[PDB]
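S.K.:
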Amino acid sequence: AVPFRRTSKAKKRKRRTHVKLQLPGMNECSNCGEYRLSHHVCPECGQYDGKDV
Amino acid sequence: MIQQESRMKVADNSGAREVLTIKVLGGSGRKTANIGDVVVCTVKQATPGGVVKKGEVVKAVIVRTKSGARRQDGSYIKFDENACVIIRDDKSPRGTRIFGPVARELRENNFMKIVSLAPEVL
Amino acid sequence: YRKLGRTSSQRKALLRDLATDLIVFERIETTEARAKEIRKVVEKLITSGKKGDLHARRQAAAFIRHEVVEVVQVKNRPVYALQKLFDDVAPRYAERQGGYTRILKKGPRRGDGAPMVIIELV
Amino acid sequence: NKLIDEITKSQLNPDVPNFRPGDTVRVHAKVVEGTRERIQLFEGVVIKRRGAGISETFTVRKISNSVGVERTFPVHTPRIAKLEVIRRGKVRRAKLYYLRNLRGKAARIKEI
Amino acid sequence: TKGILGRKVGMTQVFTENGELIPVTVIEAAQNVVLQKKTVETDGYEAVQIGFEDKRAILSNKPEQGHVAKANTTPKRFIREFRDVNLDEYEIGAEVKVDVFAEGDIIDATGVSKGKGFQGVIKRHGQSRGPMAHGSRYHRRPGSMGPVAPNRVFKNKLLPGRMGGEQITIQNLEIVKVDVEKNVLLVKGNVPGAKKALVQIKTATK
RNA sequence: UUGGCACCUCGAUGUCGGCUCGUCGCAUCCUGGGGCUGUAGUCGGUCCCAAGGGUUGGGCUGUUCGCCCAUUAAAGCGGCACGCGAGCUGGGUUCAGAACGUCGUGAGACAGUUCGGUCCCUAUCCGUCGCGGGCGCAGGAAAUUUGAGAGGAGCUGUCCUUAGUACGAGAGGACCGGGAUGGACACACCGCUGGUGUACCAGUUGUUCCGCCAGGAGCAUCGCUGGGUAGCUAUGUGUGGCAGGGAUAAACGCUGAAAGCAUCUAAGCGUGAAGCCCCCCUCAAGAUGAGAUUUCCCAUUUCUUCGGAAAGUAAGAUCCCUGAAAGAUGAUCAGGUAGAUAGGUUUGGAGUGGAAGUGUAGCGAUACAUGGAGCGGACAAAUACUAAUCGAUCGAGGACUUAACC
Ligand SMILES: [K+]
Ligand SMILES: [K+]
Ligand SMILES: [K+]
Ligand SMILES: [K+]
Ligand SMILES: [Mg+2]
Ligand SMILES: [Mg+2]
Ligand SMILES: [Mg+2]
Ligand SMILES: [Mg+2]
Ligand SMILES: [Mg+2]
Ligand SMILES: [Mg+2]
Ligand SMILES: [Mg+2]
Ligand SMILES: [Mg+2]
Ligand SMILES: [Mg+2]
Ligand SMILES: [Mg+2]
Ligand SMILES: [Mg+2]
Ligand SMILES: [Mg+2]
Ligand SMILES: [Mg+2]
Ligand SMILES: [Mg+2]
Ligand SMILES: [Mg+2]
Ligand SMILES: [Mg+2]
Ligand SMILES: [Mg+2]
Ligand SMILES: [Mg+2]
Ligand SMILES: [Mg+2]
Ligand SMILES: [Mg+2]
Ligand SMILES: [Mg+2]
Ligand SMILES: [Zn+2]
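Protein chains in written order, with the deposited numbering: chain 5, 2 to 54; chain N, 1 to 122; chain Q, 3 to 76, 88 to 135; chain S, 2 to 113; chain H, 2 to 207.
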């Protein structure tokens, strides 16, 4: 319930291989050639599926 | 679903009236008994002048139960009380008359004098 | 079904609120779980509107909040969400069978990273 | 399920009548030995009718000799030779489980 | 020896000529086809590869399409081998109906049990709860890992985890009814898996 | 076990008994096999082989032990810090209080008693149980698989018959074998019996509200109460340990010498256990020994002086999205307009139990009809109405030698 030993730099880093976060699943609006999230409304043009909002 | 410390009204003429179970028979960890299954018992309530009396250990047969039975034809018989019959070492009663209804599982398990003396077997 | 961090009272209150709000404003920004429930709720109200029976109206009035959309000088008379539901909203979809409501994904909220959506009735 | 229904449709007994809880029935039930049969009558009141199709059951309650008995049957057994509805009963519940904590004069079901 | 693949449709009950009542699982076994016939010289073991359901060519792929085209039929969803089976039967492309069985014929039913998630020990492994009163703060915990001396705990000390999904065979079940029109097989009792699950029915080893 | 020694630990190695979980040995309690019997049979005594599985529930006590009741096929002996307190209890005991008897002038004490009395810790590492990501497995992919190896299970009674036969003066009463039905245990599943069912139905109390009546809503444990879908599940249902091969233990023997006989052994043959290896269930090619079969994509372009590289693709797979049969998250599985994946809608269905409004009867409460009505989370089938849009990303161009084919 208490550490018997201090985690070394290497073992710390070997845990931290997976804490990362991923590039977001985005792409360019067909209307504005400007990056946006798939299946989401573009915040720049305010448009979705060829239809303003 | 009769197990240790379960009580049962007594359905026969013998001096017993109410009964407590000591031991479900038929194996090591047999913990519940159903209709047609013998159970070692004590008498906790007796009628005066009876053959059987307060404090006597005796073997006895389960004859009607709230948790009853299912038959191979898909049908279930249930009662509103758990009742027993006190018997000898053979499968015969010690009393002479039998009260209340009764189940055919006894007829299956060769408790035939009980099946006979009872008024309505269901 | 979806629980929403809330016990049954609070959840039902939330849905009554959100559904009334979508009937009133016809477009609201919420979270996608709340939205994915009020689609069911609201569209089941639109059916009651499409029926128009008194029984459907009472059944809906048991759910919708009693609050005003606007006032109309006929003398100033207020209109209510139930009136807007049966007299304005649901006649719009007399010919549409189902699917009276869509959800458009907007993006994540700052203070809690919550995934937010616009829900509107077409 | 529809497929289940389509299979079990043949074993549906149409000889069974319309009956409900509250009503008194007489069940002409078969009781079978290794090579023999008796028909025995169970006349009592219907408490519940649950299920669907051939998975449907009803329970009939009786009081025999100061003891209450409660006998369940599938609706579509061939070991019910006949089912005679006698008294129909006005009653406000589908499940008449209250009759178990009741003996006579309170178990009385009003006929119509 | 003889076998099919099927889907579990559900459970019901059936009355037999005696008037006895018999629960039954329903298996719908349509579109069964023989796709490959494995040999001792080509592979090292004799078996018959059956494919069960027809599916769509956009859910399929070109490899599966080729393997089924070598049988002259459509892509399939479930494909499985059966062993201890004669190969002089089962010509490629052949359809494999429920009529291979018969009432009272006796089988093993093999399927993938239902999914309970992460579970504890008393549900999963059947252990006993500790008391819920008399001062207990030990209710549904697993018990001692073991003794002190090893400085370690032995394998097969049973612990929480993901309960189901395991493959299961139930043995010596009875076939009640056969309906070739519905492609339906009835089995006394049960089989593993939820509804819509794959069941592998075959003649019993014993 | 009682003890002896005082070698680790006094900068802490927590004690008896119980609960949870077990695991190991065999000096085997039961089941199994066998020899001797002062073994007639039934039952038994003693001894050899066997550790496969099994080996109860209560009363008194803090109790282990032990006595008792009642069962059992049997109620094994022991080791693991007399297993297990960062897993639980905390009754006893030796913390502080108080009292009894007793010893002491006394303070006070007693393996004398009695009543009462605080058991801390967010798991770093290994280990254990489950789930993923990465790479490898001399091209890249999709499915099906062998099975080294590994785990699991392995128990057993009672009744019938053989046959009231054998045996016995009778009393009694079999072996071997054939079959039926149970206990405990395991696995699975929810059609049945039931339970639960806090977004299903109803009744109902108080009070506030919806302007009032009426109908309804809020709070009161989901207000209480009667039911109950799916799902989860046992106490419920289905099945299981069947039948067995191969080689052995103890043992019984055949043949046969050494040792003209004898001898089960020395060479050599046979029988022979619940045990050993298999049969049965499950996992399993990271089985770096990285296996096999079937099918699919092809041999691109830039470069680089070589090695070798990157940079767009194919088969295929995914980011993303709708989701459940799945699920801690991932994963898995079902689908993504070449669409019924989910929601809604329409039909139904379980379930509840006879909506509202209106009318009739009644002073009224209320009752009746309209009308198995109305409502109906998760259930089923159809329906593309709503949202799964449009995109984007990863993903090969297949080294060398030998042999045979050629
Ligand atoms: K010390
Ligand atoms: K410990
Ligand atoms: K749908
Ligand atoms: K009405
Ligand atoms: Mg509340
Ligand atoms: Mg227990
Ligand atoms: Mg607690
Ligand atoms: Mg230290
Ligand atoms: Mg320490
Ligand atoms: Mg020995
Ligand atoms: Mg005590
Ligand atoms: Mg005790
Ligand atoms: Mg200890
Ligand atoms: Mg302790
Ligand atoms: Mg410790
Ligand atoms: Mg204490
Ligand atoms: Mg003391
Ligand atoms: Mg004390
Ligand atoms: Mg912890
Ligand atoms: Mg850790
Ligand atoms: Mg169920
Ligand atoms: Mg109120
Ligand atoms: Mg009112
Ligand atoms: Mg208040
Ligand atoms: Mg042998
Ligand atoms: Zn844009």
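The beta carbon of each residue, even a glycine, is placed where N, CA and C say it ideally should be.
Got a sec, what are the start and stop residues for the beta strand (DSSP E) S137 (chain H) sits in?
M.R.: Mapped onto the fifth sequence, residue 137 (chain H) falls at position 136. Segment: none, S137 (chain H) is in no beta strand (DSSP E) and carries neither H nor E.
S.K.: Run through the segment 10-87 of chain S for me and flag every whole beta strand (DSSP E) of 3 or more residues, listed as ranges in chain order.
M.R.: 25-33, 38-51, 58-65 and 68-75
S.K.: For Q72 (chain N), go through chain H and note every residue whose CB falls closer than 9 Å to its CB, in chain order.
M.R.: On the second sequence, position 72 is the one that residue 72 (chain N) refers to. The contacting residues are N19, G20, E21 and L22.
S.K.: Any C-beta of chain S within less than 8 Å: which residues of the segment 99-118 of chain N qualify?
M.R.: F99, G100, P101 and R104
S.K.: How many angstroms separate the CA atom of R97 (chain N) from the CA atom of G20 (chain H)?
M.R.: For the purposes of this step, residue 97 (chain N) is identified with residue 97 of the second sequence, where counting begins at 1. For the purposes of this step, residue 20 (chain H) is identified with residue 19 of the fifth sequence, where counting begins at 1. Taking the straight line joining both Cα atoms gives about 35 Å.
S.K.: Would you give the residue range spanned by the beta strand (DSSP E) that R84 (chain H) belongs to?
M.R.: One-based indexing of the fifth sequence puts residue 84 (chain H) at position 83. Element bounds for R84 (chain H): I80 to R84.
S.K.: Among all residues, which have a Cβ less than 6 Å from at least one non-hydrogen atom of ligand 26, and in what chain order do they fall?
M.R.: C30 (chain 5), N32 (chain 5), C33 (chain 5), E35 (chain 5), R37 (chain 5), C43 (chain 5), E45 (chain 5), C46 (chain 5) and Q48 (chain 5)
S.K.: Thinking just about the alpha-carbon of each residue, which of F65 (chain Q), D101 (chain Q), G111 (chain Q) and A35 (chain Q) is nearest to the one in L117 (chain Q)?
M.R.: Sequence index remark: in the third sequence, residue 117 (chain Q) carries index 104 (1-based). Looking at the Cα atoms, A35 (chain Q) is the closest of the given residues.
S.K.: Could you have a look at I25 (chain Q) and say whether DSSP puts it in helix, strand or coil?
M.R.: What you label residue 25 (chain Q) is simply residue 23 of the third sequence in a count that begins at 1. Three-state result, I25 (chain Q): helix.
S.K.: Is it right to say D12 (chain N) is buried, meaning 16 or more other beta carbons lie within 10 angstroms of its own, or is it exposed?
M.R.: As a first step, residue 12 (chain N) must be located in the second sequence, where it is residue number 12. By the neighbour-count criterion, in which a residue is buried when 16 or more other Cβ atoms sit within 10 angstroms of its Cβ, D12 (chain N) is buried.
S.K.: Is DSSP giving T17 (chain H) helix, strand or coil here?
M.R.: For the purposes of this step, residue 17 (chain H) is taken as the residue at position 16 of the fifth sequence. Reduced to three states, the DSSP call for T17 (chain H) is coil.
S.K.: Counting contacts by CB-CB distance shorter than 8 Å, is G7 (chain H) in contact with chain S?
M.R.: Numbered from its first residue, the fifth sequence carries residue 7 (chain H) at position 6. Chain S contact via Cβ: absent.
S.K.: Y36 (chain 5) CB to nearest chain Q CB: under 8 Å?
M.R.: Reading the first sequence from its first residue, position 35 is the one you call residue 36 (chain 5). Not closer than 8 Å to any Cβ of chain Q, the Cβ of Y36 (chain 5) fails to qualify, so no.
S.K.: I want to verify the contact list: residues of chain S whose CB lies under 8 Å from the CB of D80 (chain N), in sequence order.
M.R.: Position 80 of the second sequence, counted from the start, is the residue given in the question as residue 80 (chain N). At a beta-carbon threshold of 8 Å, the residues of chain S lying near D80 (chain N) are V68, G69, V70, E71 and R101, ordered along the chain.
S.K.: Apart from the five residues just before and just after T2 (chain H), which ones in its own chain have a Cβ nearer than 6 Å to its Cβ?
M.R.: Indexing the fifth sequence from 1 puts residue 2 (chain H) at position 1. Contacts found: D85, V86 and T204.
S.K.: Taking the continuous beta strand (DSSP E) assigned at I110 (chain S), which residues delimit it?
M.R.: Within the fourth sequence, numbered from 1, the residue matching residue 110 (chain S) stands at position 109. Per DSSP, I110 (chain S) belongs to no beta strand (DSSP E) and is neither H nor E.
S.K.: Cutting at 7 Å between CB atoms, please list the residues of its own chain near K91 (chain N), excluding the five before and the five after it.
M.R.: Along the second sequence, one-based indexing puts residue 91 (chain N) at 91. Contacts found: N110 and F111.
S.K.: Taking contact to mean at least 3 C-beta pairs separated by less than 8 Å, is the segment 15-24 of chain 5 in contact with the segment 43-54 of chain N?
M.R.: no
S.K.: Looking at chain N, which residues of the segment 73-98 of chain S have a Cβ within less than 8 Å of any of its Cβ atoms?
M.R.: Hits within the stretch, in order: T73, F74, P75, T78 and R80.
S.K.: Considering only the beta carbon of each residue, do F119 (chain H) and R57 (chain H) sit closer than 8 Å?
M.R.: By one-based count along the fifth sequence, residue 119 (chain H) stands at place 118. By one-based count along the fifth sequence, residue 57 (chain H) stands at place 56. Not closer than 8 Å, so no.
S.K.: Taking the Cβ atom as the reference point for each residue, do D24 (chain S) and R88 (chain S) lie within a distance shorter than 8 Å?
M.R.: Locating residue 24 (chain S) in the fourth sequence gives position 23, counting from the first residue. Locating residue 88 (chain S) in the fourth sequence gives position 87, counting from the first residue. It is a contact, given that the beta carbons lie within the stated cut-off.
S.K.: Does the segment 186-200 of chain H come into contact with the segment 105-121 of chain H, if we say contact requires no fewer than three beta-carbon pairs (one atom in each stretch) closer than 8 Å?
M.R.: The segment 105-121 of chain H and the segment 186-200 of chain H touch, with three or more beta-carbon pairs separated by less than 8 Å.
S.K.: Would you please state the rounded distance, in angstroms, between the beta carbons of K189 (chain H) and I23 (chain H)? I believe it to be under 8 Å.
M.R.: Residue mapping note: residue 189 (chain H) aligns to position 188 of the fifth sequence, counting from 1. Residue mapping note: residue 23 (chain H) aligns to position 22 of the fifth sequence, counting from 1. Correct: roughly 6 Å between the Cβ atoms.
S.K.: When you compare the CB positions of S14 (chain N) and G55 (chain N), do they come within less than 8 Å of one another, or not?
M.R.: The residue you call residue 14 (chain N) lines up with position 14 of the second sequence. The residue you call residue 55 (chain N) lines up with position 55 of the second sequence. In this structure, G55 (chain N) does not lie closer than 8 Å to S14 (chain N) by Cβ.
S.K.: Which residues share a DSSP beta bridge with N89 (chain Q)?
M.R.: In the third sequence, the residue the question calls residue 89 (chain Q) occupies position 76. Bridge partners of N89 (chain Q): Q75 (chain Q).
S.K.: So, at 6 Å on beta carbons, what are the nonlocal neighbours of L24 (chain Q) in its own chain, with the 5 sequence-adjacent residues on each side left out?
M.R.: Within the third sequence, the letter at position 22 stands for residue 24 (chain Q). Excluding sequence neighbours, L24 (chain Q) sits near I30 and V44.
S.K.: Please state whether the Cβ-Cβ distance between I81 (chain S) and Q12 (chain S) is less than 8 Å.
M.R.: Position 80 of the fourth sequence, counting from 1, holds the residue named residue 81 (chain S). Position 11 of the fourth sequence, counting from 1, holds the residue named residue 12 (chain S). No, Cβ-Cβ distance for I81 (chain S) and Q12 (chain S) is not below 8 Å.
S.K.: Run through chain H and tell me which residues come within less than 8 Å of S56 (chain S), C-beta to C-beta.
M.R.: Walking along the fourth sequence from the start, residue 56 (chain S) turns up at place 55. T13 and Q14, listed in chain order.
S.K.: Cα-Cα, which of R71 (chain N), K66 (chain N) and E105 (chain N) is closest to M1 (chain N)?
M.R.: Position 1 of the second sequence, counting from 1, holds the residue named residue 1 (chain N). Checking every option, the nearest Cα to that of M1 (chain N) belongs to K66 (chain N).
S.K.: Check whether the Cβ atoms of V76 (chain S) and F79 (chain N) sit closer than 8 Å, and answer yes or no.
M.R.: In the fourth sequence, the residue the question calls residue 76 (chain S) occupies position 75. In the second sequence, the residue the question calls residue 79 (chain N) occupies position 79. Contact: no.
S.K.: Decide if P132 (chain H) is buried, meaning its Cβ has at least 16 other Cβ atoms within 10 Å, or exposed.
M.R.: The count along the fifth sequence starts at 1 and reaches residue 132 (chain H) at position 131. By the neighbour-count rule (16 or more Cβ atoms within 10 Å), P132 (chain H) is not buried but exposed.
S.K.: In the DSSP assignment, find the alpha helix (DSSP H) that holds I123 (chain H) and state where it starts and stops.
M.R.: In the fifth sequence, counting from the first residue as 1, residue 123 (chain H) sits at position 122. From DSSP, the alpha helix (DSSP H) with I123 (chain H) extends over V122 to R125.
S.K.: For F53 (chain H) and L6 (chain H), which I take to be in contact (beta-carbon distance under 8 Å), what is that distance rounded to the nearest angstrom?
M.R.: Position 52 of the fifth sequence, counting from 1, holds the residue named residue 53 (chain H). Position 5 of the fifth sequence, counting from 1, holds the residue named residue 6 (chain H). With a Cβ gap of about 4 Å, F53 (chain H) and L6 (chain H) count as contacting.
S.K.: For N2 (chain S), which residues in chain H fall below 7 Å Cβ to Cβ?
M.R.: Position 1 of the fourth sequence, counted from the start, is the residue given in the question as residue 2 (chain S). Those are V10 and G11, listed as they occur along chain H.
S.K.: Please confirm if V185 (chain H) has its CB atom under 8 Å from at least one CB of chain S.
M.R.: Counted from its first residue, the fifth sequence places residue 185 (chain H) at position 184. For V185 (chain H), the answer is yes, since a Cβ of chain S falls inside 8 Å of its Cβ.
S.K.: Against chain N, does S65 (chain S) count as a neighbour if the rule is that its beta carbon must be under 8 Å from one of theirs?
M.R.: Stepping through the fourth sequence from its first residue, residue 65 (chain S) is reached at position 64. So, interface residue.
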